[PDB]
């Protein structure tokens, strides 16, 4: 099976994990602390904190900004459901805005309109743009719009470690950046994530919330347990020095897809993602024409040893985010991407031959 992802954890990392299990510290220790330093340097950001997963990162960012009951956060329609769920979990309302059909990211003009029209009843406090599939497109615009309207910005950069727009590393534009180390997301720790910020007060607050309010040890506030193990930290920091080369490889494979898929684009059978400068290419998602039954395409591809899937969900389609605004607005772009999107294998373990294999299979399936 040509799989969507297959992260290869360096052998030296596996040996370090074994050493830690045998005779080392299991809870967050030197490996996590070094990983945080190294992430901060990689991103050019003042502070990083590693946490249990990327959902935990978003959760902590919301809590640290005192976003909760009575409040609202704008989210894109097209994303993994965690983005909207976590807003609701803190007691805030997820306010959905449609995405761009090209970038698959929150549409800046529709974002502006939403903010312009907002008059409650909840207090609108933040935007949570998603840099979907590693696409940094609109990062700087989101920052500008947030500043223009007095909003916080939490980047849901789950899929975007190593992406960048116009000199800005994704995750670093505003109050918080949130990353995932899930196995589909290029750098993995099995489960893991990170919160980054340039604001030391926000850093200190997340560090308290991550571990029971602990600062001898004093308990300064109520908190949670979102600590990452020391051995998970060891895995992550072993992979980080490889990430740029993995992204470069992914960009080369994306160009191969672009070249080889052109015949299908020309006859209107699918559209391609736009793998802009700075895209980290965590996912390569095409969009099938409406006349294809996507579930049947996925099944046929599986039978030809190609793993494929939808790329993400449409929040407005799920029936979970029922703020009035979301009932009033329409989300054709996110709905199209949710219904017709098709992610194809793209990861650093593949070569050009593997890309051609995938395109051959997809061409065959769409012919029949």
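Residue numbers count along the first chain shown, from 1.
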| item | value |
| --- | --- |
| Unresolved deposited residues lying between neighbours residue 81 and residue 82 | none |
| Between the two ranges 56-64 and 296-304, the one averaging a larger CA B factor in the entry | 296-304 |
| Per the entry, higher mean C-alpha B factor between 257-265 and 149-157 | 257-265 |
| Options 203, 219, 104, 231 - largest CA temperature factor per the record | 219 |
| Of the residues 122, 165, 98, 199, the one carrying the largest Cα B-factor as recorded | 165 |
| Lowest, middle or highest third - CA B-factor, residue 316 | middle |
| For residue 94, the third of its chain into which the C-alpha B factor falls | lowest |
| For residue 85, the third of its chain into which the C-alpha B factor falls | lowest |
| Cα B factor band for residue 290 (lowest, middle or highest third within the chain) | highest |
| Ranked C-alpha temperature factor of residue 249 among modelled chain residues, by third | highest |
